[PDB]
Number of protein chains: 2
Amino acid sequence: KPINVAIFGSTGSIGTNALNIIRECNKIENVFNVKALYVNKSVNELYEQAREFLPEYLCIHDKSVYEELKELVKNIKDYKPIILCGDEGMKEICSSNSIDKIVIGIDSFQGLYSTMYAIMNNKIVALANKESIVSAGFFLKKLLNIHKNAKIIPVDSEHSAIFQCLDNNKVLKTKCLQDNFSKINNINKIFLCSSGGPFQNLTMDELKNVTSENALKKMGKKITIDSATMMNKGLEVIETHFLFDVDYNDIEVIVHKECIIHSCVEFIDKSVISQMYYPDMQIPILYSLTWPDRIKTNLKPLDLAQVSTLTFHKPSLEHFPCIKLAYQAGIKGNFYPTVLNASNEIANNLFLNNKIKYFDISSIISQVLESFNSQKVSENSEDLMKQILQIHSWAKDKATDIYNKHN
Amino acid sequence: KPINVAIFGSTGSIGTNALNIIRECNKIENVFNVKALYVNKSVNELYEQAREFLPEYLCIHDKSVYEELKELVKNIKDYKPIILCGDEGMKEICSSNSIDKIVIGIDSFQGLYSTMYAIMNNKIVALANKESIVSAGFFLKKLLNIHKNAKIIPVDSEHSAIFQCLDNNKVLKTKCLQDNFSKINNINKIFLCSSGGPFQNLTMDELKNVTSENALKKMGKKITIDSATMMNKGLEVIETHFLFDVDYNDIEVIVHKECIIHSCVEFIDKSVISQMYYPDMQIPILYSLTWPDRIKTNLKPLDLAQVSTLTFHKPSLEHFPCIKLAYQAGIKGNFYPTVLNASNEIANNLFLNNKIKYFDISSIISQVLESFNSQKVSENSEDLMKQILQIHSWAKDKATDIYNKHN
Ligand SMILES: NC(=O)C1=CN([C@@H]2O[C@H](COP(=O)(O)OP(=O)(O)OC[C@H]3O[C@@H](n4cnc5c(N)ncnc54)[C@H](OP(=O)(O)O)[C@@H]3O)[C@@H](O)[C@H]2O)C=CC1
Ligand SMILES: NC(=O)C1=CN([C@@H]2O[C@H](COP(=O)(O)OP(=O)(O)OC[C@H]3O[C@@H](n4cnc5c(N)ncnc54)[C@H](OP(=O)(O)O)[C@@H]3O)[C@@H](O)[C@H]2O)C=CC1
Ligand SMILES: COc1ccc(CCCN(O)C(=O)CC[C@@H](c2ccccc2)P(=O)(O)O)cc1
Ligand SMILES: COc1ccc(CCCN(O)C(=O)CC[C@@H](c2ccccc2)P(=O)(O)O)cc1
Ligand SMILES: [Ca+2]
Ligand SMILES: [Ca+2]
Ligand SMILES: [Ca+2]
Ligand SMILES: [Mn+2]
Ligand SMILES: [Mn+2]
């Protein structure tokens, strides 16, 4: 029972965490075969990985460094990998019969495209990219209803925590992103845990003047800023709603600054189940690849006595207005989540580059949401994807226009 | 469609909690049918229950209140119960084709007899009585191996918590008290949570002086004293071992004074899952009857932000020597757990009645354990049962002898 896995975005944070936990687990017993790796342009990192894992497939997106990889790879003896390029490369990896599971560690809005081909090929897709679920949830749901054997397994830490709390005899009667997922699993309510980010004790007057420096002073810049505004958590609320079909009024954000309890599920009997560990991405990634089983790791065991104290408080929506906007957009439904995500892409980047202030982020997003009008949701998958792209591009331009008008 | 249930010990704390959650679940649909109620001698309280629930069977252990019962039940119109007595009645109830699940809320070693008969009739046994598991664990395992369709479902709060944390997809491939349970469920280690009892923060000098009045001043007296000495947790360690096939070195007692996290399971990947709620017996009791499903309750939702802080520490074995005794007795195996439980029954009662001091409890138990000589374990059921009873009585008399010698 070898687990055959492809890694998409294998030089990124997700991709490399995945290779690390695979490496360590394989030292205990040989359970994983890394069949394919795919990166943007990091051709020197890719070579190093390839030497180690000897995957059947390699792929780089950027055509420009295609030949240079072929060069690099000659050195490796014993080894005749299939070396591919761009979207046809990804498409060929997703169609191979020797690949069971695909880790999607490609960032931003980009990664949706590989997700789609993975589903079309009825794979198990370990999806870390929350923005794809928030922007294109409707399209994913439609795709997953066509391709009955395809499944998304969540890797975002809180969503993995929720999923780990479930009974798999009930999970296997449904799958993530299905209507009625929460009803089948007897889910009542979610506690979506947050770190709270750096700005959790600041007053309004202090927040008025915080800068991106304050936010960044250990993750990518975009998610770090989102953690600071708590728009990360707002996006995660929508992610929860789509993944697990939990109503917005049944998702509660709670600030847990110790980051040991990763999230909790309240069932209809009011029993609550939670997943706990040190702050970590190895277990979420591993779980996505072993589900519905678990395997041995040599990770450090949680020492609860040493951790000693766990704390929980409600976030202030006045201080973190991005959370409110995320609920508002989610409850409105339609393509409002697409608009939220896109406008936040812009506002985040503006704040990062010192072009706007903290409360301008939510102000711009709010104004874009107000200017959107709900659209007839295409019944046809292809039209639906085009609608999402159009609306995403519209909302980005609109956020930019609001910035330029005031500025 | 309805689940047909018997309640043994219906007038006690477990029994009345069971009837309360049943009452609420049956408001609109007929979810449960209460087929039988059994008590020792509380014939007035039993009458009151019979009037409300109209069970097919009533049973009193104490035959000296039979006539009183028959007289009370006359006052209920159109109600023709089968009114039984003692062991014979218990055995007839267990034999009825019309009963699916039996809640055992009878206290002390005496709970074993009804548990045994329920198993022998291939029933689902919602077992709250821990003393039966501690005293007769190896015997129940044997019985469960013979009676293939019988199941013990744990009701003790922490063990219910553990059971809930497990994946039912794996649980359904085994059953409690079965060899290999922990392997099939990928269990690594158990965090067994405790309230710590009223004496948790006392110094050694203060602890020397404690009295039963201090421990009592809200549950039955025996278990309240065991909570104060932490012999309750020691018993629960042995209960964990047997129910879940977890090695003693992989059970860690943790004092959680807020009593929200009810216990935790660490799986082989080092992910930890926990169950949490307000301190409660309705969820454990209901879950035992609905497993592997859950049903809606109107219990107050956990308000984690209001609870605000959860703490964890290791208990001092110098202060709570009963814990250490239980681990020693459990690791030694054979009939040492039987001896532990029986000597504790006496030592607890002496303390309750102001005849001995706190440290004399552990002293008596230790001396009885040291005094016991290991016996070859009978290979047949009936002989093993007789052996257990013999050793139980022996250990009680020895505890009493030790007490009498030193005063
Ligand atoms: N890791 C974490 O802790 C968390 C991650 N996430 C989610 O994870 C997602 C992935 O981000 P993360 O891994 O953290 O970030 P990174 O920026 O580190 O990941 C980028 C990776 O994707 C590759 N890539 C980018 N574009 C392409 C393309 N067109 N074709 C092929 N490969 C491409 C990059 O290749 P190259 O090296 O060549 O640039 C690199 O391997 C995000 O959407 C985020 O929401 C969510 C919560 C926390
Ligand atoms: N209380 C709790 O929340 C918890 C309890 N438990 C376990 O559950 C068990 C019961 O505890 P609890 O309910 O507090 O105990 P109680 O003292 O409250 O109740 C005991 C019950 O058993 C009945 N009974 C006693 N002897 C017999 C007999 N020979 N035949 C039939 N019925 C009998 C009593 O009848 P009568 O009224 O006639 O005396 C009463 O109904 C114990 O083993 C305890 O460890 C474990 C964890 C939690
Ligand atoms: C050393 O760097 C690492 C930090 C963290 C992690 C785990 C990934 C957490 N994750 O799912 C996120 O979505 C990131 C933002 C959230 C978070 C959660 C937990 C801890 C910190 C931040 P927030 O609640 O929105 O603030 C891994 C490595
Ligand atoms: C109103 O009705 C109710 C009755 C009962 C309970 C909870 C039963 C908990 N239980 O399983 C026991 O074994 C009791 C003793 C232990 C405990 C645990 C949690 C809280 C207090 C004490 P300890 O850790 O040994 O001290 C809750 C409510
Ligand atoms: Ca009488
Ligand atoms: Ca479970
Ligand atoms: Ca072990
Ligand atoms: Mn997250
Ligand atoms: Mn208990």
# chains A, B, ... in the order shown; residues from 1 in each chain; ligands from 1
call {"tool": "interface_residues", "arguments": {"of": "chain A", "to": "chain B", "cutoff": "7 Å", "atoms": "only C-alpha atoms", "output": "PyMOL selection string"}}
result
chain A and resi 165+167-169+186+268-277+283+294-297+299+301+304-305+308-314
call {"tool": "select_by_dssp", "arguments": {"residues": "region 103-282 of chain A", "states": "strand (DSSP E or B)", "output": "VMD selection string"}}
result
chain A and resid 103 to 104 124 to 127 151 to 154 187 to 194 251 to 255 261 to 267 272 to 276
call {"tool": "write_last_selection", "arguments": {"atoms": "N, CA, C and O atoms", "output": "short mmCIF file (atom, residue, chain, number, x, y, z; two decimals), in the first residue's frame"}}
result
data_model
loop_
_atom_site.label_atom_id
_atom_site.label_comp_id
_atom_site.auth_asym_id
_atom_site.auth_seq_id
_atom_site.Cartn_x
_atom_site.Cartn_y
_atom_site.Cartn_z
N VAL A 103 -0.75 17.22 -3.63
CA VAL A 103 -0.63 18.34 -2.72
C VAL A 103 -0.54 19.62 -3.54
O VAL A 103 0.39 19.79 -4.33
N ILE A 104 -1.49 20.53 -3.33
CA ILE A 104 -1.50 21.81 -4.02
C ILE A 104 -0.92 22.86 -3.08
O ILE A 104 -1.62 23.32 -2.17
N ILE A 124 -7.36 12.57 -5.10
CA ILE A 124 -7.42 13.18 -3.78
C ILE A 124 -6.51 14.39 -3.81
O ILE A 124 -5.32 14.28 -4.10
N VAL A 125 -7.08 15.56 -3.54
CA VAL A 125 -6.34 16.80 -3.63
C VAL A 125 -6.16 17.40 -2.24
O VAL A 125 -7.15 17.74 -1.61
N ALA A 126 -4.91 17.49 -1.78
CA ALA A 126 -4.60 18.09 -0.48
C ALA A 126 -4.41 19.59 -0.71
O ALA A 126 -3.43 20.00 -1.34
N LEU A 127 -5.41 20.40 -0.33
CA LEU A 127 -5.51 21.77 -0.79
C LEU A 127 -5.22 22.71 0.39
O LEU A 127 -5.96 22.71 1.37
N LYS A 151 -11.78 14.20 -4.34
CA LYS A 151 -12.03 14.71 -3.02
C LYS A 151 -11.01 15.79 -2.73
O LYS A 151 -9.83 15.60 -3.04
N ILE A 152 -11.47 16.87 -2.10
CA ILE A 152 -10.58 17.84 -1.48
C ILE A 152 -10.44 17.48 0.00
O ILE A 152 -11.45 17.25 0.67
N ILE A 153 -9.19 17.40 0.47
CA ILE A 153 -8.88 17.23 1.87
C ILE A 153 -8.20 18.51 2.32
O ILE A 153 -7.18 18.91 1.76
N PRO A 154 -8.70 19.16 3.38
CA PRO A 154 -8.11 20.43 3.81
C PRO A 154 -6.77 20.28 4.53
O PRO A 154 -6.56 19.37 5.35
N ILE A 187 -22.79 17.98 12.75
CA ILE A 187 -22.07 19.16 13.22
C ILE A 187 -23.09 20.26 13.55
O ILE A 187 -23.96 20.55 12.73
N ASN A 188 -22.93 20.92 14.70
CA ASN A 188 -23.78 22.03 15.09
C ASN A 188 -23.10 23.38 14.86
O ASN A 188 -23.75 24.35 14.46
N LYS A 189 -21.81 23.46 15.15
CA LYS A 189 -21.13 24.74 15.32
C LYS A 189 -19.62 24.51 15.27
O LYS A 189 -19.17 23.43 15.58
N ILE A 190 -18.88 25.54 14.85
CA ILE A 190 -17.43 25.52 14.78
C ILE A 190 -16.86 26.64 15.65
O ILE A 190 -17.30 27.79 15.57
N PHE A 191 -15.82 26.30 16.42
CA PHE A 191 -14.90 27.25 17.02
C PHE A 191 -13.66 27.32 16.15
O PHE A 191 -12.92 26.34 16.02
N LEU A 192 -13.51 28.45 15.45
CA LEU A 192 -12.38 28.64 14.56
C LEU A 192 -11.31 29.42 15.31
O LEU A 192 -11.47 30.61 15.51
N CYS A 193 -10.28 28.72 15.78
CA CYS A 193 -9.22 29.29 16.59
C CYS A 193 -8.32 30.17 15.74
O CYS A 193 -8.14 29.94 14.53
N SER A 194 -7.85 31.25 16.38
CA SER A 194 -6.90 32.19 15.78
C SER A 194 -5.77 32.51 16.76
O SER A 194 -6.02 32.65 17.96
N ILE A 251 -20.45 29.70 13.01
CA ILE A 251 -19.00 29.75 13.04
C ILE A 251 -18.59 30.88 13.98
O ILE A 251 -18.97 32.03 13.76
N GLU A 252 -17.85 30.55 15.03
CA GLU A 252 -17.39 31.52 16.01
C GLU A 252 -15.86 31.61 15.97
O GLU A 252 -15.14 30.64 16.21
N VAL A 253 -15.35 32.81 15.71
CA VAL A 253 -13.92 33.04 15.76
C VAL A 253 -13.51 33.23 17.21
O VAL A 253 -14.12 34.04 17.92
N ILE A 254 -12.45 32.54 17.62
CA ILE A 254 -11.99 32.74 18.99
C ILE A 254 -10.48 32.90 18.97
O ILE A 254 -9.75 32.19 18.26
N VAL A 255 -9.99 33.88 19.74
CA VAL A 255 -8.57 34.14 19.79
C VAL A 255 -7.95 33.26 20.88
O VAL A 255 -8.33 33.34 22.05
N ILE A 261 -4.71 24.50 20.78
CA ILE A 261 -5.98 24.02 20.26
C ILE A 261 -6.15 24.62 18.86
O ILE A 261 -6.26 25.83 18.72
N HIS A 262 -6.24 23.78 17.81
CA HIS A 262 -6.17 24.31 16.45
C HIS A 262 -7.54 24.69 15.88
O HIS A 262 -7.60 25.49 14.95
N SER A 263 -8.61 24.10 16.42
CA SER A 263 -10.01 24.46 16.24
C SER A 263 -10.86 23.35 16.87
O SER A 263 -10.33 22.30 17.20
N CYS A 264 -12.18 23.56 16.98
CA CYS A 264 -13.06 22.66 17.71
C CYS A 264 -14.39 22.55 16.96
O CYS A 264 -14.81 23.52 16.30
N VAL A 265 -15.02 21.38 17.10
CA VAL A 265 -16.31 21.08 16.51
C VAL A 265 -17.31 20.78 17.60
O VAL A 265 -17.10 19.84 18.36
N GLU A 266 -18.40 21.56 17.63
CA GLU A 266 -19.54 21.25 18.46
C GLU A 266 -20.54 20.42 17.64
O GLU A 266 -20.95 20.84 16.56
N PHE A 267 -20.94 19.24 18.17
CA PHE A 267 -21.93 18.38 17.54
C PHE A 267 -23.30 18.75 18.10
O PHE A 267 -23.39 19.57 19.01
N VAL A 272 -18.21 18.84 22.43
CA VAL A 272 -17.22 19.50 21.60
C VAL A 272 -15.96 18.62 21.50
O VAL A 272 -15.47 18.13 22.53
N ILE A 273 -15.42 18.48 20.28
CA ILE A 273 -14.19 17.74 20.04
C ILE A 273 -13.20 18.74 19.44
O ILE A 273 -13.62 19.53 18.60
N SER A 274 -11.93 18.67 19.87
CA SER A 274 -10.89 19.55 19.34
C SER A 274 -9.62 18.77 19.02
O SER A 274 -9.39 17.66 19.52
N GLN A 275 -8.85 19.35 18.08
CA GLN A 275 -7.51 18.87 17.75
C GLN A 275 -6.50 19.84 18.34
O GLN A 275 -6.68 21.07 18.26
N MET A 276 -5.46 19.27 18.93
CA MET A 276 -4.43 19.99 19.63
C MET A 276 -3.05 19.44 19.25
O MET A 276 -2.86 18.21 19.16
#
call {"tool": "residues_around", "arguments": {"residues": "residue 343 (chain B)", "least_positions_apart": "2", "cutoff": "7 Å", "atoms": "only C-alpha atoms", "output": "MDAnalysis selection string"}}
result
chainID B and resid 339:341 345:347 365 368 395:396 399
call {"tool": "closest_atom_pairs", "arguments": {"of": "chain B", "to": "ligand 5", "cutoff": "7 Å", "atoms": "only C-alpha atoms and all ligand atoms", "output": "tab-separated table"}}
result
residue	atom	partner	partner_atom_place_in_ligand_line	distance
B:64	CA	ligand 5	1 (Ca)	4.5
B:65	CA	ligand 5	1 (Ca)	4.4
B:66	CA	ligand 5	1 (Ca)	6.7
B:67	CA	ligand 5	1 (Ca)	6.1
B:68	CA	ligand 5	1 (Ca)	6.0
call {"tool": "atom_distance", "arguments": {"atom1": "CA of residue 147 (chain A)", "atom2": "CA of residue 160 (chain A)"}}
result
22.4 Å
call {"tool": "residues_near_ligand", "arguments": {"ligand": "ligand 2", "cutoff": "7 Å", "atoms": "only C-alpha atoms and all ligand atoms", "output": "ChimeraX atom specification"}}
result
/B:8-15,38-43,60-61,105-108,110-111,128-131,156-157,219-220,223,281
call {"tool": "closest_residue", "arguments": {"among": "A:385, A:177, A:162, A:19", "to": "ligand 3", "atoms": "only C-alpha atoms and all ligand atoms"}}
result
A:162
call {"tool": "closest_residue", "arguments": {"among": "B:317, B:155, B:116, B:102", "to": "ligand 4", "atoms": "only C-alpha atoms and all ligand atoms"}}
result
B:155
call {"tool": "select_by_dssp", "arguments": {"residues": "region 12-160 of chain B", "states": "helix (DSSP H, G or I)", "output": "PyMOL selection string"}}
result
chain B and resi 13-25+43-53+63-74+86-95+111-120+130-146+157-160
